[PDB]
Amino acid sequence: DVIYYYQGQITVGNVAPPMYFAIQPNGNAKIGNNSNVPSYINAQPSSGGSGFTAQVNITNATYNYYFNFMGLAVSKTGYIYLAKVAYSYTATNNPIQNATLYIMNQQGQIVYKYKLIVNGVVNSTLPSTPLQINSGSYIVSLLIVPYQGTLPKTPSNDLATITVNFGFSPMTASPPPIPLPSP
Amino acid sequence: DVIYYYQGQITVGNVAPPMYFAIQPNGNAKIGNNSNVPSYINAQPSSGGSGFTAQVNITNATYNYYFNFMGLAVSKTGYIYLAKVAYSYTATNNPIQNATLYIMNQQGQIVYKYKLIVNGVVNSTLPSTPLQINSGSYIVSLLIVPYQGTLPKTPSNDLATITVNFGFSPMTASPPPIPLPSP
Amino acid sequence: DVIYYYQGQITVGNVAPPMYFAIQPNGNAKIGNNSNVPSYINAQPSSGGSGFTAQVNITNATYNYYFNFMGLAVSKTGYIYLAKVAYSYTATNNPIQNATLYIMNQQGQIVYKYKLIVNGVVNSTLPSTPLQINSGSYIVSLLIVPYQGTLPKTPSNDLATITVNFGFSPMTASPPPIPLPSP
Amino acid sequence: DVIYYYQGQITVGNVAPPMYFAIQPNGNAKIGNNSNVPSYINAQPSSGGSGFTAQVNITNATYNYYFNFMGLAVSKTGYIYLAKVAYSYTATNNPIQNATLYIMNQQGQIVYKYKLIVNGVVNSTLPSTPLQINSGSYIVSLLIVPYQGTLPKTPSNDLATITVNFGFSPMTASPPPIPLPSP
Amino acid sequence: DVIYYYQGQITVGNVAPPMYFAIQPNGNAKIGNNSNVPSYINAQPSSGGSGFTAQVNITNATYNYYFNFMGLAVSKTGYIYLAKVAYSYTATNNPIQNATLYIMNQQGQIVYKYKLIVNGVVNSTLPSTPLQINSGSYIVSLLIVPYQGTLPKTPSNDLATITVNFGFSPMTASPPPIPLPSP
């Protein structure tokens, strides 16, 4: 048998993140200041600012809104998009009608709106178009619209889970909407 | 292209509502007992107490008053405000001059007054200041002042519609007046 | 911050009035026929029958009586009461000792007597008890007792003003005496 | 509960009286000149000419006559009637058989005769028919016929009291005989 | 002593490569166009297309993805496999959790997935099964999943190195998975 071998050599270095999740980034007391309300939300930046984790309590309210629960810091200009969403629930009936995640200016204006879940199903059109985002820092906020009547009378900690991936690229020109592979 | 992906994970739990709309909450026969007068008003709490729906018949009377048409139960202390109002009418002429919604003590004293419509237009100053409301239960009542001469001689079911959103926050300290986003 | 939003939706329809003020209601030439005596009284039903407006000239007579100045039509049985009275005067001295407003049967019998002003002050006991009134039509008449010596020698158009609100409810069972709020 | 409120607004002005009681009206030295005879009669116009008050001493005479004790001035033509009479006495026996009040022309002719009391009782047919009276001024006179034997030997100031109400209307056409209500 | 000598004679010729690494192979502007993003990746084909060299900057992002950083051209059909992987790092803590290298169709579909590093260690099952690959050209892309918290705050050029050997055989029938010897 004849085998030809081709050698790839990859050297790995380390660079400061183009964007990261944080509480009060750069000491800005207006960005990400509602990470923790002692029976209703508990959110934290994932290790090294790599993402975020949130425990979120919905109720009977027709809109449940988690304003400024995280801060998004962007160190260098680039293009951002919603790359992937995954949704699952433990209940007999689907608990969420609509879930939307907002990136917002410090003055509370919406910069970008990301529909995660629509009429009870994940956004089907993903990955979304890469849109430019400027350097600075942004309020990030979550809105949930439950399906009324489906929420149990007895409280619970594990009604549903939403996993979301944002893709960011630090390029000068817009990339295609690249979908995130399985590792 | 280089894409960096950041993962948000949101776990959703369920909590008993800080406030809810109800008829005779906790069996209190004095709160919300006028939800239904068989040709003049028909009001109901929206599913799970998430809000309310009312069909309301105005007449030629210079003030039309719907006393105790709903009950508001508040399970834990918090801050309440008028977040958003929307108003529209099907007639050629605007039917309503003033519409005001009252939260009232069990003794019929006004706790808070919410002007929904003033001189024929929605309240422009919204969202209103968050004000503290104590735990307990409250009478809620609607006053409408028509524009006389505009109401048709023949009855109708769809003269106008008023949509109102109350924001409530279960925090110890007052929030900013956060406006409700579009989903 | 966590905000829970609760949505009220009010749909407004239109219904023929349970009672209204009119001149010669249903063409009845005996009800409300003294709305206009060309130097002494000029009364009219407010727009759509929503109430009434009267210009009323008092004189030196010890009783000044305005018989049948308005007609009250009641289309459906219900409970009526005097909800609120407001009184003010432009003169140096209080011009009115007693003012009383009567609802009367077609045969001139008194059905209900409403004391608006007593010994120069508004009725303090208001709102009055809701009393049943049958469908049909009623003479309405005003009696004023001036304070003699207080009326100026020179005539005037704006000596005093009396504002009165009647509450009517089309319910089968008597309501509490609900006071009219400020809008 | 549903309450409909109807607003009456009454604005009160002031007008020179269509008729009034006076002593020597317009300076006419023939009208009302016997208001005061120093042990037998003392009569005065009530404040602003609104009526009259008289202290009247009867004696053993079979007719007691108080000629021209008041003057009646009529500024504009209208219809006059005896609206109400009330009579009471402090004695054991009824002191008066007949009491009659006359409106008289300046020449002493009777224009109208008002029987107040007949055979010891008030006129039962009241209110009387409205009759036209012309502008000008009139003598007014009282006749009393006692029941002899009933008057005490010792004089007294409070044997009996007669209260009389005249209705006047300044209309061109005759009204019905409207009875004066209780305030 | 008796020595028997056996003569091997090897004549060496030269043949166009069955596959090679390239930027935009055959002028195809869609294959290998992300070899260079000026602070995040710098990749080049090794001399004569014999392999590739890449400098790759990871950050705090939970997935770091280097899409289309090289082009793989395959001139004749054959069988390809991952022959050998070697991994080392200069840091105190292991920087990489998972590293995966993808061969992809021009439409961005995954043809083959090569797990280089899994849970911080090199793939232990190597050499992998030879799988057929058709003639044409392929996108090649690298995904790295760091261990968060391990990456230093100060940037560096030499955090880790990954050396990878792909074996290719131009035979019609699949060979055994032959491991690459040390020279």
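All chains are identified by letter, namely A, B, C, D and E, in their written order; residue positions are counted from 1 within each chain.
Heads up, the rule we're going with is that a contact is a pair of C-beta atoms (placed from the backbone, for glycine too) under 8 Å apart; a residue touches a chain by one contact, two chains touch by 3 or more.
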| item | value |
| --- | --- |
| B-E or A-B - the one linked by more C-beta pairs in contact | A-B |
| Shared interface numbering between chain D and chain C [over half = same, under half = different] | different |
| Duplicate of the B-D contact set - from A-C, C-D or B-C, the pair where over half of the pairs recur | A-C |
| Interchain centroid distance [CA atoms averaged], chain A/chain D, Å | 95 |
| Whole-Å gap between the CA centroids of chain B and chain E | 64 |
| Interchain centroid distance [CA atoms averaged], chain A/chain E, Å | 32 |
| Centre distance in Å when chain D and chain E are each reduced to the mean of their C-alpha atoms | 126 |
| Where chain D touches two or more other chains, by residue | 1-7 |
| Chain E residues within the chain A interface of the complex | 17-21, 37, 39-40, 46, 50-63, 65, 67, 83, 95-96, 98, 100-102, 108, 110, 113, 115, 141-146, 148-149, 151-152, 155-171, 175-176, 178, 180 |
| Complex contact set, residues of chain D against chain B | 1-7 |
| Chain B residues within the chain A interface of the complex | 1-18, 20, 46-51, 165, 168, 170-171, 175, 178-183 |
| Contact footprint of chain B on chain E as seen in their complex | 34, 37, 40-41, 59, 61-68 |
